[PDB]
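S.K.: task: produce atomic coordinates for the following.
(one chain, ligands or ions: 1)
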Amino acid sequence: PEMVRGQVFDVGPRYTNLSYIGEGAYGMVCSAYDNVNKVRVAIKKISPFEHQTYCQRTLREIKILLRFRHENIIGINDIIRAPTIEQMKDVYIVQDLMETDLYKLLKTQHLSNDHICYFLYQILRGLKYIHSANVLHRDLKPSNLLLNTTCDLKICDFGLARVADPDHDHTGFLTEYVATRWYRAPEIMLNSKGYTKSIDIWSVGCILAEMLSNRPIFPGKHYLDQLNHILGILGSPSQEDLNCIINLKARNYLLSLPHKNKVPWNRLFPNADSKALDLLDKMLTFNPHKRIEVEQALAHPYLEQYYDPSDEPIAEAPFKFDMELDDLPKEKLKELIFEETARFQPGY
Ligand SMILES: Cn1nccc1Nc1nccc(-c2ccn([C@H](CO)c3ccc(Cl)c(F)c3)c(=O)c2)n1
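M.R.: Numbering: from 1, shown residues only. The structure is reproduced below:
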C-alpha cells in the first residue's frame, strides 16, 4: 500500500510516490503524485477516532475548508476513507502541494521589506475571508502559512479553527488553551473562555515581527512565562486596560506583577520600515477591543500598494450555529465525519 516512516498511506492507486513533509499528534502529511489529474498534491493522514477532541478538530477542518474557496486559503481537492464506518480508522485529506511554509523560509533567508509586505497582504487577505465567515483560525504561525516559488501564500490547518455565530454570546463557551504558545494573545491567558477573532490579529502581529527579525518576538517557556515575555515588551497594562479585564482572578494576578516599561518597537527592530512597526503596534495591542481589525489592517499605509476592496472576496454565506453542533460523543462525531466525506465516495 506504500509506507512513510512506519505510516501506511492507503491512497493508491490514484496517489503515489509519497515523501514526508511533517507530522502531528494524530497524523502525518506527505507530498504525492495524482496519476488521474497529473499534478503534485499534499496528503494529510488523520487518525482521530480514539479521542473526542481529535474528532471535533477533524470535523471542523472538513466542514469549514469544503465551504471555503479563496486564493490564500488551502482548498481540499479530495478525501479518501473506507467505504464502511467500522472500517474507517484513517481519513486522507488531499490538498494542492505548496513548495514550503514561512517557518522553513525564515530559517534560511532574510526577507526584503517588499516580501514581508506582500506576505502580510496575503495573510490579511485570507484572514479577511475567514473572519467574514465568522470563523476564528486560532493557530496562525509561520508553519501554517504555505508559500510556492512565485511567492503566493495560503493559510492552512483549520484543525484548531471554529465558527462563532456573532448572533450569540460565546463568553465562557470557547476552548481554553488555544493557539501555539509564542502566538497566543494575552486575553487567552486572562479571559481564557471569552476571547474573539481578534486573537487571529495578535497571531499575525507575532508573525509580522518574526518576518522582520527571523526570530519569535515572545518565545515564552511555559503558560505564565509567555505573559511575562509580552509585558516585557508592551510594558505593564494601563489602568484603563486592567479595568477592562472582567475576570477578577486574572485582573488581581496582573495588579500583583512588578511594573515594566514599554520597549519602543524601533529599539527591537531598528532596521524595519516605520509603517510596518506602526501596524505591528496596532496588531500587538494588549486590549482586544482597541486592537486593529482585519479590514483596518489591510487599509493601513504599510499595505497601500496591495489594498483593493474590489478584489478581496468575503464569504457570501457567513457560517451560523448549525456548524458549531459538535459537543457530542466521539462515536457520533465519527458518524458526522463519515457523512461529510460521503460526497468524495464512489456512489453517494
Ligand atoms: C513542501 N512543504 N513543506 C512544508 C509544507 C509543504 N507543503 C504543503 N502543501 C500542502 C499542505 C501542507 C500542510 C502542511 C502542514 N499542515 C499542518 C501543520 O502546520 C498539519 C496539521 C496537522 C497534522 Cl497531524 C499535520 F501532520 C500537519 C497542513 O495541514 C498542511 N503542506
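S.K.: for the rest of this, base every contact and every neighbour count on C-alpha atoms.
M.R.: Noted.
S.K.: could you give me the buried positions within the longest helix seen in the chain?
M.R.: The longest helix of the chain (DSSP state H) is helix 113-132. Residues of helix 113-132 classed as buried: 116-132 (neighbour count, 16 or more other C-alpha atoms under 10 Å).
S.K.: kindly report the same for stretch 291-302.
M.R.: For stretch 291-302, by 16+ other C-alpha under 10 Å, it's 291-295, 297-298, 300, 302.
S.K.: how far off centre is it?
M.R.: Centroid separation for stretch 291-302 versus its chain: 18 Å, with C-alpha atoms, centre = their mean, to the nearest Å.
S.K.: phi and psi next, for residue 135.
M.R.: phi -100, psi 140 (degrees, to the nearest 10).
S.K.: that one: how many residues sit nearby?
M.R.: Other residues lying near residue 135 total 22 when counted by other C-alpha atoms under 10 Å.
S.K.: hmm, back to that, wait, which of the buried residues of stretch 291-302 is closest to the ligand?
M.R.: Of all the buried residues of stretch 291-302, residue 294 has the smallest distance to the ligand: 22.1 Å, by C-alpha to the nearest ligand atom.
S.K.: quick one: contacts for the closest one?
M.R.: 124, 127-128, 131, 201 (C-alpha atoms under 8 Å, 6 or more residues apart in numbering).
S.K.: kindly recompute the last result at 10 Å.
M.R.: 123-132, 197-198, 200-201, 283 (C-alpha atoms under 10 Å, 6 or more residues apart in numbering).
S.K.: of all the residues in the stretch 151-300 of the chain, which ones are close to the ligand?
M.R.: Selection of the stretch 151-300 of the chain residues close to the ligand by C-alpha under 6 Å from any ligand atom yields 156-157.
S.K.: now do the strands in the stretch 151-300 of the chain.
M.R.: Using DSSP state E, counting those that start in this stretch, the strands of the stretch 151-300 of the chain run over 153-155, 162-163.
S.K.: so what strands line up beside the shortest one?
M.R.: Which is strand 162-163. Partner strands for strand 162-163, per DSSP bridges, with pairing direction: strand 135-136 (antiparallel).
S.K.: give me the residues contacting the strand it pairs with.
M.R.: 64, 127, 129-130, 158, 160-165, 196-200, 318-320.
S.K.: buried ones among those residues?
M.R.: Buried among those (16+ other C-alpha under 10 Å): 64, 127, 129-130, 158, 160-165, 196-200, 318-320.
S.K.: what about those residues, which are in helices?
M.R.: 64, 127, 129-130, 198-200.
S.K.: if we can go back for a sec, just how off-centre is the longest helix of the chain within its chain?
M.R.: Averaging C-alpha positions (C-alpha atoms, centre = their mean) puts helix 113-132 13 Å from its chain's average.
S.K.: what does stretch 243-259 give?
M.R.: On C-alpha atoms, centre = their mean, the centre of stretch 243-259 falls 28 Å from the chain's centre.
S.K.: stretch 319-330 too?
M.R.: For stretch 319-330, the distance to the chain centre is 19 Å (C-alpha atoms, centre = their mean).
S.K.: first-to-last residue distance for that stretch?
M.R.: 23 Å (C-alpha to C-alpha, to the nearest Å).
S.K.: where along the chain do the helices fall?
M.R.: For the chain, the helices defined by DSSP H occupy 52-67, 102-107, 113-132, 186-190, 198-213, 223-234, 239-243, 248-255, 265-268, 274-283, 294-299, 330-340.
S.K.: burial check on the residue nearest to residue 21 when sequence neighbours are not counted, number of neighbours?
M.R.: Spatial nearest neighbour of residue 21, chain neighbours left out: residue 30 (4.9 Å); criterion: C-alpha to C-alpha, 6 or more residues apart in numbering. Counted with other C-alpha under 10 Å, the neighbours of residue 30 add up to 20.
S.K.: doesn't residue 2 make contact with residue 30?
M.R.: No. Contact between residue 30 and residue 2 fails when scored by C-alpha atoms under 10 Å: they sit 11.6 Å apart.
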